[PDB]
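Chemist:
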Amino acid sequence: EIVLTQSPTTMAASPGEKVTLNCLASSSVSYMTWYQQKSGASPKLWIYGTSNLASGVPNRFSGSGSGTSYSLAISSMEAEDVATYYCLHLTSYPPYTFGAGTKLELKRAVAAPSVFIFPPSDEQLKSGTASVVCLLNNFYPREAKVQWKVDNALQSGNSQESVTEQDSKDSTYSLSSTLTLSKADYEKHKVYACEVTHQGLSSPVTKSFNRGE
Amino acid sequence: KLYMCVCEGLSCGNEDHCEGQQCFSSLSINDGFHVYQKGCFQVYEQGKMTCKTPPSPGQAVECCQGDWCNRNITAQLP
Amino acid sequence: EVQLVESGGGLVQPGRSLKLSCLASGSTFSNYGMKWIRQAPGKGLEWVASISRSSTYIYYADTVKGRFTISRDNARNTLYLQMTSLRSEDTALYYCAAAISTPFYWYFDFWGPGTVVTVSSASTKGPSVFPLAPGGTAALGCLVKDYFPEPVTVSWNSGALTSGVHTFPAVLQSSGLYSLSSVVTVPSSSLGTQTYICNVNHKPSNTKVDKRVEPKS
């Protein structure tokens, strides 16, 4: 049974930079197949044989290798190249094994998040629960700090975060933080604050509202 | 005279090992599949006298001597 | 050259059975071998099963061998995957793919959108859809809350609005239920005059919600 080790697990490159992704095999194999997978999308054939590009794949891409060591290469890193790249073994009796994958990211200029706060909708309130959403829109890099405050009291253990994958167009991230409270709890308080810390901001940004205003 | 060989495919039911004078790694394009095989060759008084196969469109065979020699060899079509 | 679409996926219980289907464009279907590849959430790709052009050769993964059965119907242009004795780690998005064979190489191609299979004791729950009501630019959205299993699909204005849309990955809450939000940034002048509707679909519960996100005072 063939085991494929991909290296590195992640790497971030500036626009124009040259990239090499490695695929090491536990035994000697004949040829190597490569796939590109974008977020919420199916894996597309990228390189077949060892060095053959699929149709629609830019000449910017390259394949090479022999025996156990195999590599995918990019001559110039672009924004549309942002994806996870998988190598696949095909040249033996089953099983046909994939590598772990290398997530490829694009190094970008520092972009400050545009911050938005959302009170729980009236419908939601009626139903008996309250969710307060804070949006961090179009930022780079991913590392962001969101802190919830309710009447100046720092919130803990009652919020959940989710980050989108790097945008294929502008290479930015977005973040959503949701503070969940029981309706009663929500009613009990007035000021609902979302405090955002990020590199693109010289000092932290607070978006807030008063309940019933 | 007899080596231990890796056994994958049709001739190997349903063992992973094999014993022969030569080990082989086999490939043929069958029914839209690149089917691979590994096993043994043994000389009898008649029939196939050679492990090595005259190349044909769609098929390739490569043979070896030594214990588990077929493990790190796979037949590749030209 | 050939389009493939997967179906039959949904919520299922441990130790129970399910049959996936892969419907082709055709009638080139009977010209290629067929493959199943699964993807667990947040994880890599794992090959499941293989079937040749005329069901001559069949292969299985070792974790799958004995439990699963790959079938084929060239007349109906459909690939099948019979799944039995289903486990917690069988929970994955299931792709079907055609094997392309050249005299030098072979590879997998034309992978479909996939189908979600979930194996758990927990039962089906539909999502509550809530408006995230609304600087030259204003942000608005929908909160898709408390659903099981995945997946949920969100569009804006029946697919007419795509630019500036961020649909966030679902978070599994402490309750064991999924929640996500989808947001869009629009000109603040377009508010009140243009109507924004998020279109939420959760096929496991057979729930469809269309939600007008209106700002008010």
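Line by line, the protein sequences give chains L, A and H.
First residue of the first sequence: 1, per the deposited numbering; consecutive thereafter.
First residue of the second sequence: 31, per the deposited numbering; consecutive thereafter.
FYI, in the deposited numbering the residues of the third sequence are 1 to 134, 141 to 223.
Where a beta carbon is used, it is the ideal one built from N, C-alpha and C, also for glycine.
#1: How big is the Cα-Cα spacing for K107/L and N138/L?
#2: Using a Cβ-Cβ cut-off of 7 Å, state whether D46/A counts as contacting chain H.
#3: Rounded to the nearest angstrom, what separates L53/L and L45/H at their Cα positions?
#4: Is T91/L close to chain A? Criterion is C-beta to C-beta, closer than 7 Å.
#5: Can you tell me whether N77/H is helix, strand or coil according to DSSP?
#6: Measure from the C-beta of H208/H to each C-beta in chain L and report whether the shortest distance is under 7 Å.
#7: Here's the rule: buried if 16 or more other CB atoms are within 10 angstroms of the residue's CB, otherwise exposed. What is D90/H?
#8: Comparing the C-beta of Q106/A with each C-beta of chain L, is any distance below 7 Å?
#9: For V65/A, which residues in chain H fall below 7 Å Cβ to Cβ?
#10: So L125/L is in the beta strand (DSSP E); what residue range does that whole segment cover?
#11: List the residues of chain H whose Cβ lies closer than 8 Å to the Cβ of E105/L, in chain order.
#12: Among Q51/A, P108/A, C37/A, whose alpha-carbon lies nearest the alpha-carbon of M79/A?
#13: Counting only Cβ-Cβ distances shorter than 7 Å, please list the residues of the segment 101-131 of chain L near chain H, keeping chain order.
#14: Compile a chain-ordered list of the residues in the segment 101-120 of chain H whose CB is closer than 7 Å to at least one CB of chain A.
#15: In whole angstroms, what is the alpha-carbon distance linking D46/A and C37/A?
#16: What residue range does the alpha helix (DSSP H) around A184/L cover?
#17: If you draw a straight line from the alpha carbon of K209/H to that of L11/H, how long is it in whole angstroms?
#18: Which residues bound the beta strand (DSSP E) around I100/H?
#19: Which chain L residues are close to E38/A, counting only those with a beta carbon under 9 Å from its beta carbon?
#20: For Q6/L and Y85/L, I'd like the C-alpha separation in whole angstroms.
#21: Using a Cβ-Cβ distance under 7 Å, would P131/H count as near chain L?
#22: Going by alpha carbons, who is nearest to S223/H out of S66/L, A13/L, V19/L, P119/L?
#23: Quick one: Cα of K126/L to Cα of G212/L, how far?
#24: Relative to the C-alpha of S17/H, which candidate in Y94/H, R67/H, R53/H has its C-alpha closest?
#25: Checking 7 Å against the spacing of the C-beta atoms, do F54/A and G39/A come in under that value?
#26: Hey, how far is the Cα of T159/H from the Cα of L183/H?
#27: Classify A49/H: buried if its beta carbon has 16 or more other beta carbons within 10 angstroms, exposed otherwise.
#28: Leaving out five residues before and five after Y66/A in sequence, what residues of the same chain have Cβ atoms less than 6 Å from its Cβ?
#29: Which one or two residues does DSSP pair with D216/H in a beta bridge?
#30: For chain A, is any of its Cβ atoms less than 7 Å away from the one on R53/H?
#31: Assuming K18/L and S75/L are in contact, meaning their beta carbons sit under 8 Å apart, how far apart are those beta carbons, in whole angstroms?
#32: Is DSSP giving residue 306/H helix, strand or coil here?
#33: Who pairs with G63/L in a beta bridge, going by DSSP?
#34: Report all residues from its chain with a CB closer than 8 Å to the CB of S64/L; omit the five preceding and five following residues, and keep chain order.
#35: Which partner residues of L104/L appear in the DSSP bridge assignment?
#36: Do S187/H and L149/H come within 7 Å of each other at the CB atom, strictly closer than that value?
Modeler: Concretely, from the data shown:
#1: 14 Å
#2: Contact of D46/A with chain H is not assigned, every C-beta pair being separated by 7 Å or more.
#3: Roughly 21 Å between the two C-alpha positions.
#4: yes
#5: If DSSP states are grouped into helix, strand and coil, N77/H belongs with coil.
#6: no
#7: buried
#8: yes
#9: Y57
#10: Where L125/L is concerned, there is no enclosing beta strand (DSSP E), although the alpha helix (DSSP H) it sits in stretches over 122-127.
#11: Those do not exist, as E105/L stays about 16 Å from chain H at its closest Cβ, beyond 8 Å.
#12: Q51/A
#13: Within the segment 101-131 of chain L, the residues whose Cβ lies closer than 7 Å to any Cβ of chain H are, in chain order, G101, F116, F118, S121, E123, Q124, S127, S131.
#14: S101, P103, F104, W106
#15: 5 Å
#16: 183-188
#17: Each residue's Cα considered, the two are about 10 Å apart.
#18: 92-101
#19: Per Cβ cutoff of 9 Å: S92, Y93, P94.
#20: 9 Å
#21: yes
#22: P119/L
#23: 14 Å
#24: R67/H
#25: no
#26: 16 Å
#27: buried
#28: Once the five neighbours on either side are set aside, the close Cβ partners of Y66/A are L57.
#29: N205/H
#30: yes
#31: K18/L to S75/L, Cβ: 6 Å. Contact.
#32: What the structure shows of chain H is the stretch from 1 to 223, and residue 306/H is not part of that stretch, so it cannot be assessed.
#33: In the DSSP output, where bridge partners are listed per residue, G63/L has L72/L.
#34: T50, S51, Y70, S71, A73
#35: Answer is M11/L, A83/L.
#36: Against a cut-off of 7 Å, the Cβ pair of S187/H and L149/H comes out as a contact.
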